[PDB]
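Chains as they are written, first to last, in PDB author numbering: chain C, 10 to 135; chain D, 10 to 134; chain A, 10 to 134; chain B, 10 to 135. Note that the Cβ used here is the ideal one computed from N, Cα and C, for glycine as well.
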Amino acid sequence: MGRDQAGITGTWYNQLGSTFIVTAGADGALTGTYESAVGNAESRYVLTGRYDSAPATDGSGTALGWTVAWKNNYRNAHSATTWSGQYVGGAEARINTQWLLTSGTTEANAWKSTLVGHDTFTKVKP
Amino acid sequence: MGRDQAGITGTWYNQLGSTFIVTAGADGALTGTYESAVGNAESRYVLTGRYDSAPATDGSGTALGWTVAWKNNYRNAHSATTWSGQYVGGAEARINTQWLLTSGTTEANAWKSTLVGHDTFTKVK
Amino acid sequence: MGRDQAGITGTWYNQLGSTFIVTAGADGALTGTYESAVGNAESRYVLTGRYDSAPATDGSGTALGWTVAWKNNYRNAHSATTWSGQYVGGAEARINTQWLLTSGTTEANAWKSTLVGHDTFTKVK
Amino acid sequence: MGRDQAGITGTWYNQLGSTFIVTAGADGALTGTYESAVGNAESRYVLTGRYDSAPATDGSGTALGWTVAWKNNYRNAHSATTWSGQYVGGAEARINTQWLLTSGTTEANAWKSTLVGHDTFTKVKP
Ligand SMILES: O=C1N[C@H]2[C@H](CS[C@H]2CCCCNC2CCC(C(=O)Nc3cccc4cccnc34)(C(=O)Nc3cccc4cccnc34)CC2)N1
Ligand SMILES: O=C1N[C@H]2[C@H](CS[C@H]2CCCCNC2CCC(C(=O)Nc3cccc4cccnc34)(C(=O)Nc3cccc4cccnc34)CC2)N1
Ligand SMILES: O=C1N[C@H]2[C@H](CS[C@H]2CCCCNC2CCC(C(=O)Nc3cccc4cccnc34)(C(=O)Nc3cccc4cccnc34)CC2)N1
Ligand code: NI
Ligand code: NI
Ligand code: NI
């Protein structure tokens, strides 16, 4: 039912070599796994998110976001990343994102809790 | 059972008057609803996220994040916010966050697609 | 002269205990020194920036920003912070900011080069 | 002189087609002009900033940042952008940045005051 449900669902790769496997639901849900090529991370991590299942009709992208907490059956980095961005369809579909990575900190170190960055995902590895 | 499952589960209010109702699952899931006091938003929106269910024991906070897409059965703002932050428990429990709000845009307007801000959530209004 | 030249010029303090000493010029310049209470920083660092010297008259704040490179005669942290925000006048004047701290990194580590945060500066603290 | 004073100094273009003309001083200063290809912007705006004039020698980039207030003799957008990033010298020199654009707002609209994005600058015009 989602306008971009079929386009979003599948396997995506970012510029770092990370792998993002996602199913878009008709209700706006995103569910899948994330494997990071960098950082204190090994194997797949659960991800969950949301996307706009009825986007604008003027050629705009489709807003979405998702979260990974960096704990799985191998490691725990005591941190979580959220990606905020939009899906852009067409011949070379892309999910363009900016992200925030927060680590658990003491109060004294809270000022340095959060990294910001940007990831671009494609359906073919770069 | 997640270490902070009981502390996170419940209702949170930010500095703007928005309301965040969340259930923390034993496996690290966050599920619930968000009601925003500002912006193109009315009634409740679905939220989903994750939290660290086995955090450090050194006094550090508990890392977490969640997403809301601003579409429900009443409105659609063609946008989505992600909050990234940490839960700090105790008498004056807090969830301290930074957030990214992306709107769907044309490619030419993508440079102005994403707002950044910070929200602090407490257990009282 | 700048509309908020006199209001911005002076000594400001943020929530961490850092001190921001600034002169606003009639031409939109910001020039001064920054002393950070946290991080790889000791004593004062040069700052430079810009502000809107003819802001809106509808009660809106005054947009501004400035940079500190964390090198002085005593230390070098191989990093730089930019604060982006707005000055809000009145009995309880504030400069509300969000900031980006970038450290020099190898290309392999570029994904972790930049912190984001927020500081609120007041004239009393 | 700064290690990268000669390398940073010059004319740069980002992926939007904006033009960044900058002079790096031996004292860590950045001065120059910015012309944006997008937004409420016309002609050149004053910029000022700072860079690390004695960076690490381990292959790391050179940290820097600069500000533009979007007021000149032609327009006033009641806004300011700060770019935070690092200069990477060598083959295909690049300045990689993330930026924050804050507009003056009323207190009720302060939550919507700030955009975030990322710009990459090279000396080759797109
Ligand atoms: O595809 C992809 N992959 C990437 C992108 C986006 S997700 C990303 C993959 C993430 C996989 C998990 N990577 C771990 C993160 C936590 C870690 C670390 O290196 N943290 C940090 C390093 C440098 C700067 C930081 C600033 C703020 C906070 N963290 C920063 C760490 O231990 N942090 C800390 C431990 C203990 C105390 C801390 C106190 C303050 C801050 N951090 C602390 C170890 C590596 N896209
Ligand atoms: O008033 C105030 N005060 C505060 C606020 C806003 S300004 C702030 C005061 C700043 C004073 C300078 N503080 C130094 C920063 C550089 C330092 C460090 O701790 N860096 C980092 C720590 C944690 C997370 C990081 C994420 C990304 C990158 N850095 C993070 C460091 O050595 N970093 C690094 C060294 C070598 C290689 C690196 C590779 C990647 C990242 N960092 C590297 C040492 C402390 N408001
Ligand atoms: O090279 C390059 N170029 C680009 C990049 C990085 S710099 C960039 C060039 C910038 C040149 C100036 N462009 C003006 C900015 C202000 C403007 C606008 O579109 N603002 C905004 C549009 C969309 C989202 C916003 C979110 C938050 C705030 N602004 C957003 C505007 O009028 N904003 C406002 C006016 C009145 C009230 C406001 C209240 C809240 C927020 N904004 C308000 C008009 C265009 N790299
Ligand atoms: Ni960390
Ligand atoms: Ni650092
Ligand atoms: Ni604006």
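| Quick one: what's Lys121(B) bridged to in DSSP? | Looking at the DSSP assignment, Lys121(B) forms no beta bridge with any residue, so it has no partner.
| request: With DSSP as the reference, please indicate the residues paired to residue 4(D) in a beta bridge. | output: The structure shown does not extend to residue 4(D), since chain D is modelled only from 10 through 134, so no value can be given for it.
| query | Okay, do the segment 95-114 of chain C and the segment 59-75 of chain D touch, 3+ Cβ pairs below 8 Å being the bar? | reply | Yes, the segment 95-114 of chain C touches the segment 59-75 of chain D.
| Using a Cβ cut-off of 8 Å, which residues of the segment 104-123 of chain B contact any Cβ in chain C, in chain order? | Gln107
| chain A contacts from the segment 42-64 of chain C (Cβ-Cβ distance under 7 Å) | Cβ proximity to chain A below 7 Å picks out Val47 from the segment 42-64 of chain C.
| task | Tell me whether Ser69(D) counts as near ligand 4, meaning its Cβ is closer than 6 Å to at least one heavy atom of that ligand. | result | no
| said: Just checking: is the beta-carbon of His87(A) within a distance shorter than 7 Å of some beta-carbon in chain D? | reply: Chain D contact via Cβ: absent.
| field | Terminal residues of the beta strand (DSSP E) in which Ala33(C) lies | value | 28-33
| said: When you measure from the CB of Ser112(A) to every non-hydrogen atom of ligand 4, does any distance come out below 6 Å? | reply: no
| Cβ-heavy atom distance, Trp108(A) to ligand 2, below 6 Å | yes
| field | N- and C-terminal bounds of the beta strand (DSSP E) containing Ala89(B) | value | 85-97
| request: Mind listing the chain D neighbours of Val125(A)? Cutoff is C-beta to C-beta under 8 Å, in chain order. | output: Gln107, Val125
| query | Comparing alpha-carbon positions, which option in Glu44(A), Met10(A), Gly34(A) lies nearest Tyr83(A)? | reply | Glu44(A)
| task | Compute the beta-carbon to beta-carbon distance between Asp128(C) and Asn23(C), rounded to the nearest angstrom, for a pair I have assumed lies under 8 Å. | result | 4 Å
| is_contact[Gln95(A), chain B] using C-beta, thresh 7 Å | yes
| CB-CB length for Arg59(C) against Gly74(C), believed under 8 Å | 6 Å
| Any idea what DSSP makes of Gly48(C), helix, strand or coil? | coil
| Taking the C-alpha atoms as reference points, what is the distance between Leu56(C) and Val125(D)? | 22 Å
| Would a C-beta distance cut-off of 7 Å place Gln95(A) and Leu109(B) closer than the cut-off? | It is not a contact, given that the beta carbons lie outside the stated cut-off.
| request: Would you please state the rounded distance, in angstroms, between the beta carbons of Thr28(D) and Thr91(C)? I believe it to be under 8 Å. | output: Wrong, their Cβ atoms sit about 20 Å apart, outside the cutoff.
| said: Give me, in chain order, the residues of the same chain whose beta-carbon lies closer than 6 Å to that of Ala38(D); leave out the 5 immediate sequence neighbours on both sides. | reply: none
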